[PDB]
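Each chain, letter by letter, is given below.
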Amino acid sequence: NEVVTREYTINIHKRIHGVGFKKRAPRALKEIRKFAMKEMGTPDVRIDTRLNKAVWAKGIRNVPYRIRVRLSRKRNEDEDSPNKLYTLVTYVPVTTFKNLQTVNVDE
Amino acid sequence: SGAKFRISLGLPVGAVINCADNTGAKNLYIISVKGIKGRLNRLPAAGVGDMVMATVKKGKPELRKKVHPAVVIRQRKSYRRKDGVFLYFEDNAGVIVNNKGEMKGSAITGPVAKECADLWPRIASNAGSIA
Amino acid sequence: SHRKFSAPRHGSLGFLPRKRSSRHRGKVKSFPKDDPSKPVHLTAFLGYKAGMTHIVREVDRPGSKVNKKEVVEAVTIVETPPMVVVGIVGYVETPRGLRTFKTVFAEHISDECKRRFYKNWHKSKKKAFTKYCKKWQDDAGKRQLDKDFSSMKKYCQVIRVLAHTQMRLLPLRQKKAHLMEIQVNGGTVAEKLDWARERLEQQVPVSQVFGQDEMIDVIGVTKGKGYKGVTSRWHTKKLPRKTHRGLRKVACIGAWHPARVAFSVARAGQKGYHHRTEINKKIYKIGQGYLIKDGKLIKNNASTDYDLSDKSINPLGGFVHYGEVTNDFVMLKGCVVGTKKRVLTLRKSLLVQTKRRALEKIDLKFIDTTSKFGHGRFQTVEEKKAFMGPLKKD
Amino acid sequence: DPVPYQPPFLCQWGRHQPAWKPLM
Amino acid sequence: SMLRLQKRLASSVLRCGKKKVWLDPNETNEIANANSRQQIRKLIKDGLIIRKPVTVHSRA
Amino acid sequence: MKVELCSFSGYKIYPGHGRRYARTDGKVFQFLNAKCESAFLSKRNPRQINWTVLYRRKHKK
RNA sequence: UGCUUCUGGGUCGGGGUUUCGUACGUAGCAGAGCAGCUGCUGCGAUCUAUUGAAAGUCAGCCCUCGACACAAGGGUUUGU
RNA sequence: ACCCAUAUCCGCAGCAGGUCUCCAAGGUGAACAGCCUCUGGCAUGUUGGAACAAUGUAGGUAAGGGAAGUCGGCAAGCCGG
Ligand SMILES: [Mg+2]
Ligand SMILES: [Mg+2]
Ligand SMILES: [Mg+2]
Ligand SMILES: [Mg+2]
Ligand SMILES: [Mg+2]
Ligand SMILES: [Mg+2]
Ligand SMILES: [Mg+2]
Ligand SMILES: [Mg+2]
Ligand SMILES: [Mg+2]
Ligand SMILES: [Mg+2]
Ligand SMILES: [Mg+2]
Ligand SMILES: [Mg+2]
Ligand SMILES: [Mg+2]
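This entry lists cryo-EM as its structure determination method and reports a resolution of 3.7 Å.

Okay, the overall build of chain C next. Along chain C, the regular secondary structure elements total five helices and 19 strands. Along the longest, intermediate and shortest principal axes, the C-alpha atoms of chain C span 85 × 75 × 55 Å. Put simply, chain C has 394 residues, and 43% of those count as buried. For chain C, long-range pairs separated by at least 24 residues make up 75% of all intrachain contacts whose partners lie at least 6 apart in sequence.

Once that is clear, we can look at a positive patch on the surface. The grouping of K26(B), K58(B), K60(B), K65(B), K66(B) and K104(B) at the surface amounts to a positive patch. Counting through the fold element by element, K104(B) comes out in the loop between β7 (93–96) and α1 (114–117).

In this section: the interface of chain F and chain B. Contacts between the two partners involve twelve residues from chain F and, on the opposite side, 13 residues from chain B. For the pair chain F and chain B, the two sides together bury roughly 1,100 Å², of which 55% comes from carbon and sulfur. Considering only the surface of chain F that becomes buried against chain B, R20(F), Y21(F) and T24(F) emerge as the three largest contributors, covering 46% of it. Remark: the boundary between chain F and chain B carries zero salt bridges. One can count four residue pairs in polar contact joining chain F with chain B. Every element with two or more residues in the side of chain F that touches chain B is listed here: β1 (20–22) and α1 (34–41) of chain F.

Attention now moves to the interface of chain B and chain C. Facing the 13 residues of chain B at the interface are twelve residues of chain C. Taken as a group, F5(B), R39(B) and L40(B) account for 43% of the area that chain B buries against chain C, more than any other trio of residues on that side. Viewed at the interface, chain C and chain B are joined by zero salt bridges.

Attention shifts here to the protein's contact with RNA strand H. Around RNA strand H sit 33 residues in total, of which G10(B), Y227(C), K242(C), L247(C) and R248(C) are the nearest. Sugar plus phosphate: this is where 78% of the atoms of RNA strand H within 4 Å of the protein reside. Measuring from a sugar or linking oxygen of RNA strand H, one finds a backbone N or O atom of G10(B) at 2.3 Å. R241(C) places a side-chain nitrogen or oxygen 2.5 Å from a base oxygen of RNA strand H. Where the surface near RNA strand H is concerned, the elements lending two or more residues are α2 (25–39) of chain A together with β12 (227–228) of chain C. Of the residues belonging to the surface near RNA strand H, the class tally is twelve nonpolar, eight polar and 13 charged.

Neighbouring residues of RNA strand G: 51 residues in total, closest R6(A), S371(C), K384(C), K392(C) and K393(C). Within 4 Å of the protein, atoms of RNA strand G come from sugar and phosphate in 72% of cases. For RNA strand G, a phosphate oxygen lies 3.1 Å from a polar atom in the backbone of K175(C). One of the backbone N or O atoms of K176(C) is found 2.8 Å from a phosphate oxygen in RNA strand G. Listing elements by their share of the surface near RNA strand G, those giving two or more residues are β1 (4–11), α1 (13–16) and α2 of chain A, α5 (381–388) of chain C together with α2 (53–59) of chain F. Considering each element in turn, the surface near RNA strand G owes the most residues, four residues, to β1(A). The class makeup of the residues in the surface near RNA strand G is 14 nonpolar, 18 polar and 19 charged.

Attention now goes to the sheet that holds strand β6 (residues 86–89) of chain B. Read from one edge of the open sheet, three strands run β5(B)-β6(B)-β1(F), paired in mixed fashion. Both edges of this open sheet fall to β5 (79–80) of chain B together with β1 of chain F, since each of them pairs with a single strand only. Two elements, β6(B) and β1(F), share three bridges in a ladder whose sense is parallel. Bridging from a neighbouring strand, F89(B) pairs with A22(F) of β1(F).

In this section: helix α3 (residues 189–198) of chain C. Residue and element names in this part refer to chain C. Listed as buried for α3 are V189, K192, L193, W195 and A196. Each buried residue of α3 lies within a common arc of 160° when the element is viewed along its axis, so the set occupies one face. Of the exposed residues in α3, those oriented more than 90 degrees away from the buried face are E191 and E198. For α3, the elements touching its buried residues are β1 (41–42), β6 (83–93), α2 (139–155), β8 (158–164) and β9 (179–185).

Before going further, it helps to spend a moment on the pattern of salt bridges. Here the structure, examined in full by the defined rule, presents 24 salt bridges over all chains. A salt bridge links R199(C) to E198(C); the nearest nitrogen and oxygen atoms lie 3.7 Å apart. The class for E198(C) is exposed, based on a relative accessible area of 54%. Among the salt bridges present, the one from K2(F) reaches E4(F), with a minimum N-O distance of 3.6 Å. Taken together, the salt bridges that share partners define one network made up of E7(A), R68(A) and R70(A).

What follows deals with unusual backbone geometry. Although it is not a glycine, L308(C) adopts a positive phi angle of roughly 50°. Considering the arrangement of structural elements, one finds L308(C) in the loop between β16 (297–298) and β17 (329–333). Located in the positive-phi region is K27(F), a residue other than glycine, with phi close to 55°. Along the chain, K27(F) falls in the loop between β1 and α1. Relative accessible area serves as the criterion here: at 62%, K27(F) is assigned to the exposed category.

How two helices sit against one another is set out by the angle between their axes and by the gap between those axes. All names here are of chain E. Running from amino to carboxyl end, helix α1 (residues 4–14) crosses helix α3 (residues 37–46) at an angle of 75°, the nearest separation of the two axes being 10 Å. What the angle tells us is that α1 and α3 run roughly perpendicular. Residues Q6, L9, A10, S12, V13 and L14 of α1 touch α3, and the partners they reach there are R37, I40, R41 and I44. Here the contact of α1 with α3 is composed, by residue class, of six nonpolar, two polar and two charged.

For the rest of this paragraph, the subject is the environment of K135(C). All names here are of chain C. Looking at the secondary structure, you find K135 in the loop between α1 (111–114) and α2. Taking relative accessible area as the criterion, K135 reaches 36% and is therefore assigned partly exposed. When the C-alpha atoms of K135 and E107 are compared, they prove to be 8.4 Å apart, with 28 residues separating the residues in sequence. Ignoring anything within four residues of it in the chain, the contact list for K135 reads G141, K142 and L145.

This paragraph deals with the side chain of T23(B). Here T23(B) lies in the loop between β1 (16–19) and β2 (27–33). In this structure the side chain of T23(B) is engaged in a polar contact, spanning 3.2 Å, whose partner is the side chain of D21(B).

Residue and element names in this part refer to chain C. The buried count for strand β2 (residues 44–53) comes to nine of ten residues, which makes it a mostly enclosed element. Pairing geometry for β2 and strand β18 (residues 343–348), over five bridges, is antiparallel. Each bridged residue has a counterpart across the sheet, and for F45 the counterpart in β18 is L346. Pairing between β2 and strand β5 (residues 75–79): five bridges, direction antiparallel. Directly across from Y48, in β5, lies its bridge partner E79.

Definitions and limits used
Residues numbered from 1 in each chain as written, not as in the entry; some residues may be left out. Chains lettered and ligands numbered in written order. Part of a larger assembly, values for the part shown. Heavy atoms only, no water. Helix = DSSP H or I, 4+ residues; strand = E, 2+ residues; numbered from the N terminus. Buried < 20%, exposed > 50% of the residue type's maximum accessible area, 1.4 Å probe, protein only. Contact = heavy atoms within 4.5 Å. Patch = residues over 30% accessible without salt bridge, like charges linked within 9 Å, V, L, I, M, F, W, Y side chains within 5 Å. Areas by Shrake-Rupley, 256 points an atom, 1.4 Å probe, with all protein chains shown as cover. Salt bridge = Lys/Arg side-chain N within 4 Å of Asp/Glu carboxyl O. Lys, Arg positive; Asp, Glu negative; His and termini not counted. Charge placed at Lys NZ, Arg CZ, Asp CG, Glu CD. Buried area = accessible area lost by both parts, 1.4 Å probe. Polar contact = N/O pair within 3.5 Å; in protein donor to acceptor, adjacent residues only side chain to side chain. Near = heavy atom within 4 Å. Nonpolar A, V, L, I, M, F, W, Y, C, P; charged D, E, K, R; others polar. Pairing = 2+ DSSP bridges. Arc of directions from axis to C-beta. Axes fitted to C-alpha atoms, helices over the stretch in contact; angles between N-to-C directions. Parallel < 35°, antiparallel > 145°, perpendicular 65-115°, else oblique.

Structure, rendered in structure tokens:
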């Protein structure tokens with residue numbers, strides 16, 4: 001119930017539509033963080049450098065439309081916080097986004 | 001009986017329309033449009049089937065350097081017909097027609113639109129192809 | 001000195017309070033005048049602007065060049081669900097003003113009308129009309145209501161009816177229904193109040209109010225455009241390129257010796273979101289909505305006597321930013337004020353309308369139902385499939 | 001440190017400027 | 001903590017720029033207390049800091 | 001109503017749509033949209049462009 | 001404007017519509033020709049089939065009742 | 001020793017100003033013209049976060065007319081190897 005690892009496909013285009021060229025990929029990171037805070041109610045969201053490279057693979061202007069994210073709520077390690085649990089955000093390499101559901105994978 | 005509806009206008013004061021008859025004139029500089037009241041900073045413009053004041057810029061010396069009355073037949077600006085078609089032409093064309101309505105030339109090159117043909121009967125009689 | 005070349009004024013003094021309107025629903029400022037010779041009927045209605053399409057019809061006017069020709073005209077689709085009557089109100093006539101006397105609500109009032117009395121429906125305990133609905137199943141409350149109606153028989157002059165829209169059948173996101181007063185103009189006060197009590201807690205469709213080829217008035221709020229400049233709002237002449245301090249501005253406000261700026265000076269401010277009342281709109285067709293009998297549903301709303309097709313007025317892929325029209329609708333000449341999903345007031349004509357253009361009987365030929373979302377080129381799904389053929393996905 | 005001196009006179013409104021000139 | 005001194009000294013030992021000096025992100029405290037070229041050569045022999053290869057520029 | 005076909009494409013032009021174009025010699029053409037208008041004004045062959053109807057009638061699709 | 005009548009918003013996916021114009025790969029005694037081996041094997045822009053194909057499609061477009069979790073919460077105030 | 005210049009000099013200063021010289025790749029190309037990249041260097045030049053209202057500044061595009069605007073083809077655009 002608390003330790004839940006599960007898959008999602010984020011459509012970056014419907015959140016990135018509207019912003020200018022030098023402010024597309026950091027805004028995409030910000031809406032991925034807001035998406036993680038939206039599904040999982042944890043303010044402590046730590047996104048992975050592999051997903052950083054996956055968003056910033058093309059450039060700052062051309063951002064990929066759909067992306068595949070393993071979202072995992074985890075119990076907090078030492079250096080304790082008032083936030084009781086955190087959320088790790090991981091990239092999953094998927095070739096084509098045709099009929100990809102939000103698959104709830106098991107540990 | 002049947003009055004002329006409004007159409008789109010795209011030939012203000014300054015346009016040189018080509019003269020589509022066998023008089024000898026090549027160009028017609030529009031100097032003013034007959035039948036416009038006017039308003040501050042508005043150029044008088046003539047569409048299809050408009051009585052206009054023209055001047056032969058180049059052509060025969062008997063036609064140059066004097067004011068003629070003209071009727072604008074063809075325009076390039078797309079204008080809306082009443083049945084719902086936007087018929088537009090290749091060039092901007094007019095003929096020299098006196099104050100009563102009789103033409104000066106005999107034949108008319110190019111097609112004459114029916115908005116001009118219903119208004120001017122003597123131009124429609126000399127025209128072979130209509131619209 | 002004087003102005004050299006005199007010019008007409010940019011703007012109108014009749015509309016100069018160009019502020020954002022407080023009310024969002026179009027309020028009727030003046031209803032049509034009553035007469036006891038005419039029977040009782042509703043004089044207003046509250047629709048919702050769905051979309052826009054073409055029309056094809058024959059023009060019957062003697063003398064014109066356009067006589068017996070197939071013109072096209074812009075029409076507005078207004079989805080008009082039948083409204084629920086949930087109360088009445090009487091009006092006494094005072095020398096100070098036409099004052100509301102006593103408002104009598106209904107017993108069973110739907111939750112769509114319950115949404116209007118609350119600003120926040122989630123935190124509210126849904127406890128409205130609870131002590132008021134107890135007056136309809138007791139002996140003393142019925143006597144008090146009969147005394148109220150018997151006073152309204154005597155002293156009331158104008159009787160308006162309270163009707164709210166049916167938002168559940170509408171495809172909009174909101175569920176809060178709009179309420180509206182509609183003045184009934186007809187016979188005497190007693191017969192009018194008896195007919196209103198008979199129509200209490202009832203549906204009111206559109207064909208009982210309006211008819212074919214009737215000139216109506218459209219009340220509505222302008223599409224909002226925000227804070228705009230004076231060139232964008234008042235449509236003034238632009239200053240040339242060489243101006244240092246801006247060119248899409250007003251150069252001169254006024255004279256020296258008047259030490260103030262006049263009220264007629266075109267300034268920069270609010271453009272859009274204005275309450276307006278346009279007159280003389282012509283109804284071409286009051287279309288029936290979706291109805292189900294003998295299993296399959298009947299949806300041929302765009303079918304005319306000359307088209308003989310099964311298509312509806314819903315275009316390919318639905319209307320742009322509105323949804324699909326399932327309810328009964330009306331179709332007006334020209335364009336009406338307001339954007340998509342905007343509430344829109346219909347009203348009967350104030351002026352006694354007897355004109356040759358206004359008394360024309362419209363016979364429809366073809367209704368364009370193509371995809372307005374983009375450059376559409378097909379009328380219906382089966383025609384598109386018959387033209388394209390078997391696809392890769394099929 | 002250095003005490004910022006009296007603001008240097010900028011010969012403006014005089015005669016060489018054609019921005020402001022009255023009646024001549 | 002502070003590794004710009006060790007990066008400048010490692011660039012001076014490896015005779016290149018500090019762009020190609022790859023410091024170890026895991027063993028930060030073992031590099032931070034070197035403070036001398038003789039210890040940085042020991043870090044070279046241990047392999048904690050590595051000369052980055054040249055970014056390729058194709059001629060094909 | 002007279003549903004006339006498109007000159008460049010071959011699509012069914014309805015009277016609510018279209019932009020009709022008449023040249024100086026005659027031969028009044030009908031056009032569905034500005035795509036076909038720009039293609040005819042740039043003088044492209046309808047038998048070579050794939051999405052037209054003449055390409056299908058030529059290559060038997 | 002919405003925020004538990006097993007009911008509702010939202011995410012994803014699917015259709016509907018629409019924009020551009022026929023995707024990568026594979027096959028071709030299609031291809032101006034060129035080279036090597038005694039007809040075959042290589043280079044080759046472009047063409048045809050697969051292919052009105054591939055890509056996008058609400059961020060302010062239309063239906064989903066297909067998977068998913070969320071949604072009866074927190075704080076400030078006001079009396080005849 | 002160091003700075004030798006959009007932070008170590010002079011300009012009241014970590015000032016878009018000024019200051020005398022050397023070293024001098026690959027492609028595109030006539031070129032040490034402009035663009036990208038390799039060695040080297042940097043965090044965008046006294047700050048950011050959230051929306052994209054009016055006026056602006058710097059960029060652009062406009063159906064038809066083509067200087068009819070204006071003191072004046074002012075500006076922009078056309079030609080461009
Ligand atoms: Mg003037
Ligand atoms: Mg005067
Ligand atoms: Mg100036
Ligand atoms: Mg559209
Ligand atoms: Mg030295
Ligand atoms: Mg600096
Ligand atoms: Mg910057
Ligand atoms: Mg910075
Ligand atoms: Mg232009
Ligand atoms: Mg042009
Ligand atoms: Mg001039
Ligand atoms: Mg002048
Ligand atoms: Mg110049």
